[PDB]
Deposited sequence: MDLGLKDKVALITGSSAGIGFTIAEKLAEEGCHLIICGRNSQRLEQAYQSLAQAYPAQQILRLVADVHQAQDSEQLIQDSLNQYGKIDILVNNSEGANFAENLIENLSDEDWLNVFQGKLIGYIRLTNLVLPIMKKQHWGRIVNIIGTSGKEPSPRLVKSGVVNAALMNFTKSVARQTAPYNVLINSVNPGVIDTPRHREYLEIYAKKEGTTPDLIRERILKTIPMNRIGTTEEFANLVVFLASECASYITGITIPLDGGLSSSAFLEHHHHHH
């Protein structure tokens, strides 16, 4: 399937590893130029080397940035604009009795992470994409988590409604269980066997499997799709 992505410029946040990284791969495969970023500069360099060597015809800008900080995010965007003159795709992918436990500071702190992180990065790409009349934004979306994720889901709806007139489409993807660094991490922090028993597919998803969907949403082929959140979860949501 021709996805019409040749020479599109894709900013993928959190692309030094896991889902972010595979997405970057898959976009370069469709012929995108990339902006990959992350805060670990060494992790990112590795990502960068691997990418450049697999995709020698594609431009790849690497920028060390924390997309939870305002200044870094503005510079990320301005640096990408300086480099390519356009940004066509944004994949927002950054990190997310008990309840009565959580202070005001604890709540404000998670709002100023990924919540405000995705909103701000969106705000920042919107004028560029509207100018181009071409845009794709894919948000990669557990009490604190669920509140932010619900907020993001509705943010997606409302922003899609507004920018659809400019062919700037915005959607979200909900991972179930995906074999990423954090996950081989946060089950060595056999237990896996108990998760498999909860996934109707009896199997954990690959980052490749996850990326396939994001790339399709980021393509020309998805031109009539906007405002939706799609679970990618091996059937967990059944």
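If you line up the deposited sequence with the model, which stretches have no C-alpha coordinates?
Unmodelled stretches: 97 to 101, 147 to 156, 205 to 214, 264 to 274.
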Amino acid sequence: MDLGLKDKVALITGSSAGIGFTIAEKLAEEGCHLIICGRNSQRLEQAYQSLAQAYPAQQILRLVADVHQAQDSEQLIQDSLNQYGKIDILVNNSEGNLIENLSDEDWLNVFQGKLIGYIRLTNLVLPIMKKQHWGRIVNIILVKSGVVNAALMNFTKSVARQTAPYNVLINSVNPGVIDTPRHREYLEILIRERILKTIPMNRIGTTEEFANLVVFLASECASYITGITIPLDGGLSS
From here on, numbers count along this sequence of modelled residues.
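Residue range whose averaged C-alpha B-factor is higher in the record, 26 to 34 or 53 to 61:
Looking at the record's C-alpha B-factors, the answer is 53 to 61.
Going by the average Cα B-factor in the PDB entry, point out whether 70 to 78 or 97 to 105 comes out higher.
It is 97 to 105.
Checking the record values for 92, 154, 162, 145, which has the greatest CA B factor?
Of 92, 154, 162, 145, 145 has the highest C-alpha B-factor.
Among modelled residues of the same chain, the CA temperature factor third for residue 158
Its C-alpha B-factor, which the entry lists for residue 158, ranks in the middle third among residues of this chain.
Can you tell me which third, lowest, middle or highest, the CA B-factor of residue 112 falls into for its chain?
As the PDB entry reports it, the C-alpha B-factor of residue 112 lands in the highest third of its chain.
CA B-factor placement of residue 212, once the chain's modelled residues are sorted into thirds
Tercile = lowest for this residue's CA B-factor.
Determine, from the deposited record, the chain-internal third of the Cα B-factor for residue 191: lowest, middle or highest.
For residue 191, whose C-alpha B-factor we compare with every modelled residue in the chain, the answer is the highest third.
Can you work out whether the C-alpha temperature factor of residue 171 puts it in the lowest, middle or highest third of the chain?
It belongs to the lowest third of the chain when residues are ordered by C-alpha B-factor.
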